[PDB]
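Reviewing the structure listed below.
2 protein chains.
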Amino acid sequence: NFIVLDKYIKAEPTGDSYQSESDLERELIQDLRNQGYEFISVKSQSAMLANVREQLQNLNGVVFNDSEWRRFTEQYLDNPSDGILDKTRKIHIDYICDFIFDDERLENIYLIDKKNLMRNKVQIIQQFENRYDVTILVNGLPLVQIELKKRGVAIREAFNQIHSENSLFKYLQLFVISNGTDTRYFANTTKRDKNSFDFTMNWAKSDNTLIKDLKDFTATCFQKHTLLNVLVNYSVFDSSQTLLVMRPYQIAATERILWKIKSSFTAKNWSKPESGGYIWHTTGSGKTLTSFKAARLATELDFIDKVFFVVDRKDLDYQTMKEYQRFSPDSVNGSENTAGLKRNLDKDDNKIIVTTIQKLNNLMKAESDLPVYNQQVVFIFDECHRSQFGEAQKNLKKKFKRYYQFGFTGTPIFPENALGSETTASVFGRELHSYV
Amino acid sequence: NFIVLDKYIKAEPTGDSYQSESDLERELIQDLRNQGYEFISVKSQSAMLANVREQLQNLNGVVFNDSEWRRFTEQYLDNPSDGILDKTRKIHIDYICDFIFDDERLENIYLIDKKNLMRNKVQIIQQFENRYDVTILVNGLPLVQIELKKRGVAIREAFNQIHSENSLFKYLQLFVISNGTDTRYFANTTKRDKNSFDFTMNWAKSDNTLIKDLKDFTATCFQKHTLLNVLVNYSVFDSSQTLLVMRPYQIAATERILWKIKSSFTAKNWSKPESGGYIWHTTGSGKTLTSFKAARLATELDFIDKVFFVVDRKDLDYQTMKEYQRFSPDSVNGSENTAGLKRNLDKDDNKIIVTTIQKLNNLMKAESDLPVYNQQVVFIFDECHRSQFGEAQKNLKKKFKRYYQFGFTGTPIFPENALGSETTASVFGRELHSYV
Numbered sequence: 013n014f015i016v017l018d019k020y021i022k023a024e025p026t027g028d029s030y031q032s033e034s035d036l037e038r039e040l041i042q043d044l045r046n047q048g049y050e051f052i053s054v055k056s057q058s059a060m061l062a063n064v065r066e067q068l069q070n071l072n073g074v075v076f077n078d079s080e081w082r083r084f085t086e087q088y089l090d091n092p093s094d095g096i097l098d099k100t101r102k103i104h105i106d107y108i109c110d111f112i113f114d115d116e117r118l119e120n121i122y123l124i125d126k127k128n129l130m131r132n133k134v135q136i137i138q139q140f141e148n149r150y151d152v153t154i155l156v157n158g159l160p161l162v163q164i165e166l167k168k169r170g171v172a173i174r175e176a177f178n179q180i181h190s191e192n193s194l195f196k197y198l199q200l201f202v203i204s205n206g207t208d209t210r211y212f213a214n215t216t217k218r219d220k221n222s223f224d225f226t227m228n229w230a231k232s233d234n235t236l237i238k239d240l241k242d243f244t245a246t247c248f249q250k251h252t253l254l255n256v257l258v259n260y261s262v263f264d265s266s267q268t269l270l271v272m273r274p275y276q277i278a279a280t281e282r283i284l285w286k287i288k289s290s291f292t293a294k295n296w297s298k299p300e301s302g303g304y305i306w307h308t309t310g311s312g313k314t315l316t317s318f319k320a321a322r323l324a325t326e327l328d329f330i331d332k333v334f335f336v337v338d339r340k341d342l343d344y345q346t347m348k349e350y351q352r353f354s355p356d357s358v359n360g361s362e363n364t365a366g367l368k369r370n371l372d373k374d375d376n377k378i379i380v381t382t383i384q385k386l387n388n389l390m391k392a393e394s395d396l397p398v399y400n401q402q403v404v405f406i407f408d409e410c411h412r413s414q415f416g417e418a419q420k421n422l423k424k425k426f427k428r429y430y431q432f433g434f435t436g437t438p439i440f441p442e443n444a445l446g447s448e449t450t451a452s453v454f455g456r457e458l459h460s461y462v
Numbered sequence: 013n014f015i016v017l018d019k020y021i022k023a024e025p026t027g028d029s030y031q032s033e034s035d036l037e038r039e040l041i042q043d044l045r046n047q048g049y050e051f052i053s054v055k056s057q058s059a060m061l062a063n064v065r066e067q068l069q070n071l072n073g074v075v076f077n078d079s080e081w082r083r084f085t086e087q088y089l090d091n092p093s094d095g096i097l098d099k100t101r102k103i104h105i106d107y108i109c110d111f112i113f114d115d116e117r118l119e120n121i122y123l124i125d126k127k128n129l130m131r132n133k134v135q136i137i138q139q140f141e148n149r150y151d152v153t154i155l156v157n158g159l160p161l162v163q164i165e166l167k168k169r170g171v172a173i174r175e176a177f178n179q180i181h190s191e192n193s194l195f196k197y198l199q200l201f202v203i204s205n206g207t208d209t210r211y212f213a214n215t216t217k218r219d220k221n222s223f224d225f226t227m228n229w230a231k232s233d234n235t236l237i238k239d240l241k242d243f244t245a246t247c248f249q250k251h252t253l254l255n256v257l258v259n260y261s262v263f264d265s266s267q268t269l270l271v272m273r274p275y276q277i278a279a280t281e282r283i284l285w286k287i288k289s290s291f292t293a294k295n296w297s298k299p300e301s302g303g304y305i306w307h308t309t310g311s312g313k314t315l316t317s318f319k320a321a322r323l324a325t326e327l328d329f330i331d332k333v334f335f336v337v338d339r340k341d342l343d344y345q346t347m348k349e350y351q352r353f354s355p356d357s358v359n360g361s362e363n364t365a366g367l368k369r370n371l372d373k374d375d376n377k378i379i380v381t382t383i384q385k386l387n388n389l390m391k392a393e394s395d396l397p398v399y400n401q402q403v404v405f406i407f408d409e410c411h412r413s414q415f416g417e418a419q420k421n422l423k424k425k426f427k428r429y430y431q432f433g434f435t436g437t438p439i440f441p442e443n444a445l446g447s448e449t450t451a452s453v454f455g456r457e458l459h460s461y462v
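Protein chains in written order, with the authors' numbering: chain F, 13 to 141, 148 to 181, 190 to 462; chain G, 13 to 141, 148 to 181, 190 to 462.
Take a look at the structure:
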């Protein structure tokens with residue numbers, strides 16, 4: 013089911029005292045091969061590229077000769093004129109090459125299969141030819163680089179010590203830094219003070235249970251679906267350009283939201299006060315980012331037709347829209363009126379719509395039985411049922427039925443701070459995932 | 013010394029009855045390895061390209077990695093978008109790639125070393141994956163394709179029977203067709219009636235001794251310097267486009283001319299009536315082509331400074347010039363006057379000058395001790411000492427001294443036809459090479 017775990021797995025030390033740099037390598041290879049991986053031997057650079065033209069065969073089902081592989085190698089996969097940024101863009105944005113065969117038919121060669129990601133074959137290798151390196155290599159390309167240390171190299175100086191040929195090691199998205207007792211991970215940002223252990227991430231369980239050691243970290247995160255979802259569906263290549271990786275509580279809340287959608291659609295549920303739910307992530311979050319990944323994975327999920335991330339305007343429809351235009355390509359304005367918002371409800375393929383609740387009430391109190399009624403519609407609020415039970419919501423319970431009404435709160439109106447509005451007892455029902 | 017032989021070598025049958033297609037293959041491989049060749053085994057297509065990045069190393073003295081070899085393989089040597097014509101042009105015209113290293117220095121990668129051609133390493137391979151094929155493969159590239167037959171396949175139908191992958195076999199310049207008794211050779215022209223055995227060539231000795239069998243043909247022509255000179259210095263890629271290969275008597279006459287130059291320069295000879303010489307090739311020759319190769323190999327020979335291929339104009343300075351512009355790049359007009367011809371004697375790097383004898387007499391009877399006197403100058407006449415002993419020639423014996431005065435005749439004035447002028451007794455001295 014989920015990605016961020018709910019059950020605390022068994023974590024035991026298997027020493028192998030962690031003042032070494034090879035025993036934890038062997039233990040890590042043992043645990044990954046227990047998790048059904050494949051260890052091959054490439055003490056070279058070209059044979060690694062020979063692995064790609066065989067592992068990609070199973071993923072695409074078509075046969076290269078050597079002559080097509082010349083073109084595919086030098087024009088698309090292994091351009092010498094490219095660094096880390098465009099190659100990361102090739103990982104996350106342009107991951108398909110529209111390749112022309114010598115038989116002259118255009119076929120789409122993938123790199124990472126993103127729809128049905130079980131086909132994406134993983135392998136494990138280690139260092140060859148600096149320090150000691152283990153590499154989880156996905157579909158021929160090296161993606162995750164586990165870098166190991168000792169206790170004398172503390173976690174702050176672990177990053178601070180060290181930050190063609192080879193050019194193939196510019197596909198590395200992550201750098202899982204660990205020593206034997208603490209384990210942190212991050213993406214390609216290499217500053218000294220700011221990109222220290224504060225910007226890196228403690229992987230954790232659902233609520234607050236942080237993970238430090240290796241064996242528990244390997245048992246949790248390095249599953250196939252888990253680590254491939256962390257690589258693919260939960261990382262944003264911002265057009266700064268900067269790769270941004272979600273926090274684990276963000277991923278957990280997004281998974282609870284999307285599984286609530288998935289479990290509610292299969293049991294024909296809509297317009298129920300228990301069909302909703304709400305999240306409390308207060309601040310220091312990038313709630314823009316969590317809401318964006320929730321809405322973006324909702325849009326492709328094919329059960330629905332419209333997603334309304336909708337707030338109350340006090341310079342928010344200019345602000346958060348500017349956030350979602352930062353995550354460059356696509357989000358449709360609810361700007362500027364209730365004439366053209368209907369045009370946005372006519373349009374598709376860019377299904378995330380960011381409007382204000384006031385334009386929605388101006389649409390819903392009039393305009394005579396809109397034709398976007400029967401479609402499956404997901405609301406993502408801000409100032410949710412833990413902040414309001416507003417007149418717009420009872421207008422909504424009057425008009426709409428096939429809606430999944432979710433929301434976010436910054437400070438929830440609990441019974442402990444019930445001075446403003448009610449609690450959540452008949453609007454969103456249960457709380458889903460929180461952070462404090 | 014020479015290329016076309018003067019001594020009849022021993023030709024003996026070593027049967028191995030020639031109703032087979034494998035015994036003459038074995039005999040041919042035995043004879044070529046007796047002539048100091050190398051037989052490797054490539055039952056593939058890619059490993060043949062692996063031979064190139066090792067044999068070219070000795071020829072250029074520099075080291076590729078795999079990444080430079082990607083660029084050199086796909087951009088220059090093995091373009092998929094090229095056929096036979098541009099690849100033949102790469103053999104004979106653009107045989108150097110100005111390659112940029114990954115260390116960023118421009119160095120000139122050769123294909124065939126043309127100045128000191130002993131470095132050009134040859135190998136021999138046979139067929140793999148049609149009929150039976152033996153291939154002499156020069157410096158990694160396959161150049162000569164010996165194709166073998168039997169007696170039941172007659173020499174006329176031998177060509178007439180059969181006229190990516192592989193693309194490497196488009197470097198083939200020749201097709202030495204033989205059966206076991208007769209042996210013929212030609213270049214890339216594949217018509218039925220016209221490009222039959224008439225346009226192909228009987229290799230021969232100096233005067234008239236034709237060669238038919240294999241063992242004598244292998245003992246004569248498949249020497250390293252002999253076959254590499256036939257490939258390199260005695261083939262013209264005409265801008266028709268058509269590759270033209272010289273006749274053996276043409277090559278023999280050119281070699282006698284150039285060795286007479288080489289033996290006369292080393293013994294400080296000039297202005298002697300025995301320092302000259304003359305050729306009788308009557309017609310059906312392309313005397314334009316023989317004279318062009320004589321003058322062109324004279325110009326690069328570095329002993330001389332000026333070459334005057336000079337005739338008497340009856341629409342010849344427009345005709346033969348049009349022939350030498352057909353052999354596209356470079357030949358300087360003696361057109362149109364004795365004012366600008368002096369400009370042509372000032373200019374260099376295009377040392378072949380085609381003027382008329384009348385403009386020369388207009389230059390030599392006046393203009394007061396020209397400054398192009400002391401340079402080493404080779405005259406190539408037409409209507410030679412076997413056709414005239416003209417007043418221009420005694421003006422020349424008055425003025426010039428450092429000249430090598432050669433000439434051609436169509437019908438020689440022998441003593442047998444001495445009605446017109448004298449013989450050659452004090453002008454060019456000895457006859458050099460003839461054909462009838």
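For every residue, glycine included, the Cβ atom is placed at its ideal position computed from N, Cα and C.
Environment of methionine 130 (chain F) [buried if 16+ CB atoms lie within 10 Å]: exposed
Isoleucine 237 (chain F) in three-state terms, based on DSSP: coil
Candidates F:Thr382, F:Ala324, F:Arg174 and F:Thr309, of which the one nearest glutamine 345 (chain F) by Cα: F:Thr382
Among G:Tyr150, G:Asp219, G:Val333 and G:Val134, nearest to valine 156 (chain G) - alpha-carbon criterion: G:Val134
Within chain B, partners of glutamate 86 (chain G) - CB distance below 8 Å: The structure shown contains no chain B; its protein chains are F and G.
Within chain F, partners of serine 79 (chain G) - CB distance below 7 Å: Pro92
Span of the beta strand (DSSP E), counted from its first residue to its last, around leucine 161 (chain G): 159-166
When G:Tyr107, G:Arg149, G:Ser58 and G:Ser56 are compared against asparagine 72 (chain G), the one with the closest alpha-carbon: G:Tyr107
The stretch 250-270 of chain F contacting the stretch 60-78 of chain F, beta-carbon criterion three pairs below 8 Å: no
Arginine 174 (chain F) versus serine 222 (chain F): straight-line alpha-carbon distance, rounded: 6 Å
Any 3 or more C-beta pairs closer than 8 Å across the stretch 148-167 of chain G and the stretch 198-208 of chain G: yes
Buried versus exposed call for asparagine 205 (chain G) [16 or more other C-beta atoms within 10 Å across all chains shown]: buried
Segment limits, beta strand (DSSP E) that includes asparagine 148 (chain G): Careful: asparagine 148 (chain G) lies outside any beta strand (DSSP E) and carries neither H nor E.
Interface flag, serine 301 (chain F) vs chain G, CB-CB below 7 Å: no
Sub-7 Å separation of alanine 172 (chain G) and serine 232 (chain G) beta-carbons: no
Unbroken beta strand (DSSP E) run spanning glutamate 457 (chain G), endpoints: 457-461
Residue range of the alpha helix (DSSP H) that includes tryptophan 229 (chain F): Counting along the chain, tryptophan 229 (chain F) falls outside any alpha helix (DSSP H), and DSSP gives it neither H nor E.
Span of the beta strand (DSSP E) around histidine 307 (chain G): 303-307
Beta-carbon proximity of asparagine 192 (chain G) to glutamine 57 (chain G), cut-off 7 Å: yes
DSSP-derived helix/strand/coil call for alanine 293 (chain G): coil
Contact with chain F by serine 58 (chain G), beta-carbon distance below 7 Å: yes
Rounded straight-line distance, which links the Cα of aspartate 94 (chain G) to that of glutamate 86 (chain G): 11 Å
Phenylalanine 415 (chain G) beta carbon less than 7 Å from that of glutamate 448 (chain G): yes
Buried or exposed by the 16-neighbour rule on C-beta atoms within 10 Å, applied to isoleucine 237 (chain G): buried
Three-way DSSP call (helix, strand, coil) for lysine 332 (chain F) in this model: strand
Residues of its chain near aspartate 18 (chain F), where Cβ-Cβ distance is below 6 Å and the 5 sequence neighbours each way are ignored: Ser232
C-alpha distance - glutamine 276 (chain G) paired with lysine 424 (chain G), whole-angstrom precision: 32 Å
Spatial distance of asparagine 91 (chain G) from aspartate 98 (chain G) (CA atoms): 10 Å
Bounding residues of the alpha helix (DSSP H) (the contiguous stretch that carries residue 185 (chain G)): Residue numbering in chain G breaks between 181 and 190, and residue 185 (chain G) falls inside that break, so it has no position here.
As assigned by DSSP and simplified to three states, the class of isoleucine 203 (chain G): strand
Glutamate 33 (chain F) - containing alpha helix (DSSP H), residue span: From DSSP, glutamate 33 (chain F) is part of no alpha helix (DSSP H); its letter is neither H nor E.
Sheet register partners of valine 380 (chain G) (DSSP bridge): G:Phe335 and G:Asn359
Within 7 Å, strictly: CB atoms of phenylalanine 14 (chain G) and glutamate 281 (chain G): yes
Helix, strand or coil at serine 193 (chain G) [DSSP, three-state]: coil
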